[PDB]
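Novice: Below is one structure. I have some questions about it.
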Ligand SMILES: [Cl-]
Ligand SMILES: [Mg+2]
């Protein structure tokens, strides 16, 4: 009967873990790629709990800061008879507003096959910033944590790229705001992106600029405002009504070009495009090289479109517009022009998207067919190799939810990259 106090020792060890875990303000569950025992591999300023190399002790590497090292201490009180241990952590949903965690701490007795310990014990955490870095179907055998915030996070740049075509004067259902009573799409976009800015502000260390696009793109605010120095200057731009004035067609490639090149010139380590469009892509710019012979066919007066038989997209870092370089279809019905408009955005993404963490695309229309190429546009932008995500917002509160979700997801990239 050496069992009785081995089981008591494992339980007290687990209470030790739960005690120190209960004081953490951020938690990462780790698999054996970022913890092997040791201190070889430990990311600085993160404290850790996990099993020894020999697998026989539960230990706690605490961050020193003043000695800038780890204070290797065993969590527990006594030997365990050179027994080898199995330690596993797991998130397990929530109880009210608390996130749950499960602990496993077992091991078979010397040279018996009697399992000892706790197969699973549920506890609750005091932080909502609990993250998993367990790839694969790996087990997850260790934890990294902090008890005080991470001081000095990364910088984040967000380029907003907003459709300003003429359709943005109608209401979400595509009816005239004078005959219905509703706000215009642009009215709703102004309000809901002001909200999104104040929400982004809370993350801290986060700058934004504003690109408009319709027939072609324009910087509404070209340089990046840090919100920690004031929400004020950009909210003035978004709500000033000589700005974002609806007019033109839909040239998302050019908008994306302005967005991505301005992001390339920002130092931030997390970079984002938030692209909002309310219509079928129906415009693109060509390089001057494409102005030859019978390449440009001008059906503009009797069909409402100008197309290029062989488009060479305007991929220049020199940002310019000329009517002679414009492919477009005012009726958004010609399959070729639509294809060329979507492909332009993909070519722009491949050239200009190298540093970019994610492109979010928002289809913002209550009219089904106007956003029927939102996913298609996003997928083409995805050829540039970054993460992409398409969302449709068909009413005023879908948009505010999509904005909030995008904030929540940037906050989580930030947490995840500051992590161990
Ligand atoms: Cl998607
Ligand atoms: Mg439109």
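In the numbering used here, the protein residues as written are 827 to 1246.
We treat Cβ as the ideally placed atom computed from N, Cα and C, and that holds for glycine.
1. Please report the residue range of the beta strand (DSSP E) in which residue 1189 lies.
2. In three-state terms, what does DSSP make of residue 1068?
3. Return helix, strand or coil for residue 1215, following the three-state DSSP convention.
4. Cβ of residue 874 within 7 Å of any heavy atom in ligand 1?
5. Give the straight-line distance between the Cα atoms of residue 937 and residue 907, rounded to the nearest whole angstrom.
6. Ignoring anything shorter than 3 residues or poking outside the region 923-985, list the beta strand (DSSP E) runs there in chain order.
7. So, under 8 Å CB-CB, residue 856 and residue 969 are touching, yes? Tell me the CB distance rounded to an integer number of Å.
8. Using alpha carbons as the reference points, say which of 895, 1133, 1013 and 1098 lies closest to residue 1158.
9. Would you say residue 1035 and residue 1049 are within 8 Å of each other, going by their C-beta atoms?
10. Would you check if there are 3 or more beta carbon pairs closer than 8 Å linking the region 830-838 to the region 892-900?
11. To the nearest angstrom, report how far apart residue 1219 and residue 1150 are at their CA atoms.
12. In three-state DSSP terms, what is residue 911?
13. Using CA atoms only, rank isn't needed, just tell me which of 1123, 1190, 1029 and 827 is closest to residue 1238.
14. List the whole-angstrom C-beta distance separating residue 977 from residue 1244, where the pair is believed to meet the contact cut-off of C-beta under 8 Å.
15. Looking only at DSSP bridge pairs, what is residue 1011 linked to?
16. Does DSSP put residue 1034 in a helix, a strand or coil?
17. Locate the alpha helix (DSSP H) running through residue 769, then write down its first and last residues.
18. Residue 1076: beta carbon under 7 Å from a heavy atom of ligand 3?
19. Under 8 Å by Cβ, that's how I've got residue 1016 and residue 973 pegged, so tell me the actual separation to the nearest angstrom.
20. Quick test of your reading: residue 1020 and residue 1010, contact by CB under 8 Å. State the CB separation rounded to the nearest angstrom.
21. Measure the CB-CB distance between residue 1214 and residue 1228 and report whether it falls below 8 Å.
22. Inspect the beta-carbon positions of residue 1174 and residue 971 and report whether they are closer than 8 Å.
23. Do residue 862 and ligand 1 come close, with the Cβ less than 7 Å from some heavy atom?
24. Could you check where the beta strand (DSSP E) with residue 995 kicks off and where it finishes?
25. Whose CA, out of 871, 880, 1087 and 1170, lies closest to the CA of residue 1112?
26. In whole angstroms, what is the alpha-carbon distance linking residue 1107 and residue 842?
27. Can you tell me whether residue 1206 is helix, strand or coil according to DSSP?
28. Give me the residue from 871, 873, 1126 and 853 with the minimum Cα distance to residue 950.
29. For the candidate residues 942, 926 and 961, whose alpha-carbon lies nearest to that of residue 948?
Specialist: According to the data block:
1. It spans 1184-1190 - the beta strand (DSSP E) in which residue 1189 sits, taken as one unbroken run.
2. Note: residue 1068 maps to coil in three-state DSSP.
3. Residue 1215 carries a strand assignment under DSSP once its states are collapsed to helix, strand and coil.
4. Outside the cutoff, so no.
5. Taking the straight line joining both Cα atoms gives about 11 Å.
6. DSSP runs (the beta strand (DSSP E)) wholly in the region 923-985: 924-932, 944-950, 956-959 and 968-972.
7. So it is a contact: roughly 7 Å between Cβ atoms.
8. Residue 1158 has its Cα closest to that of 1133, out of 895, 1133, 1013 and 1098.
9. Taking a C-beta distance under 8 Å as the contact criterion, residue 1035 and residue 1049 qualify as a contact pair.
10. With fewer than three CB-CB distances shorter than 8 Å, the region 830-838 does not count as touching the region 892-900.
11. For the pair residue 1219 and residue 1150, the Cα-to-Cα distance works out to about 34 Å.
12. When secondary structure is reduced to three states using DSSP, residue 911 falls in the coil class, being assigned neither helix nor strand.
13. By alpha-carbon distance to residue 1238, the top candidate from 1123, 1190, 1029 and 827 is 1029.
14. 10 Å between Cβ atoms; not a contact.
15. Looking at the DSSP assignment, residue 1011 forms no beta bridge with any residue, so it has no partner.
16. Three-state result, residue 1034: strand.
17. With the chain running from 827 to 1246 in the structure shown, residue 769 is simply not present.
18. For the structure depicted, ligand 3 is absent and the ligand set comprises only ligand 1 and ligand 2.
19. In fact, because the Cβ distance is near 42 Å, the residues do not count as touching under 8 Å.
20. In fact, because the Cβ distance is near 15 Å, the residues do not count as touching under 8 Å.
21. Between residue 1214 and residue 1228, the CB-CB gap reaches or exceeds 8 Å.
22. No, the Cβ-Cβ distance between residue 1174 and residue 971 is not below 8 Å.
23. The answer is no for residue 862.
24. It is not in any beta strand (DSSP E) - residue 995 carries neither H nor E in the DSSP assignment.
25. Taking only the C-alpha atoms, the option nearest residue 1112 is 1170.
26. The alpha-carbon atoms of residue 1107 and residue 842 are separated by roughly 59 Å.
27. Three-state result, residue 1206: helix.
28. The shortest Cα separation from residue 950 among 871, 873, 1126 and 853 belongs to 853.
29. Of the candidates 942, 926 and 961, the one whose C-alpha sits nearest the C-alpha of residue 948 is 926.
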